């Protein structure tokens, strides 16, 4: 279960990675921006799950998601967007792009554990 986690906040990456670890997911690769995330997916097509934010320089998460879904290798990759964009207009926008599960920031460590366990369970 190779996961890639993309967020331009170092503290957010910390919390997500720790939470995944608590759930038994240890094979976690990170990226700070969309460009870097895309390079990593393209070069590590064995990646099983993409977890991404939305707002970030160097390609935003919506564009990343569209690009992933347009690639023949990643038609079925689960995509989890974790973002402060809580408005339903944004939710709809992201689901249409190919996001499968949408988790709205901010959360406590425990709430993130609960919401990720819903999607991924334990490993």
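Residue numbers count along the first chain shown, from 1.
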{"property": "Segment of higher mean CA temperature factor, 49-57 or 64-72", "result": "64-72"}
{"property": "Selected stretch [higher average CA B-factor]: 92-100 or 24-32", "result": "24-32"}
{"property": "Selection from 82, 43, 37, 79 [criterion: highest C-alpha temperature factor in the record]", "result": "43"}
{"property": "Entry-reported Cα temperature factor of residue 3, expressed as the chain third it lands in", "result": "middle"}
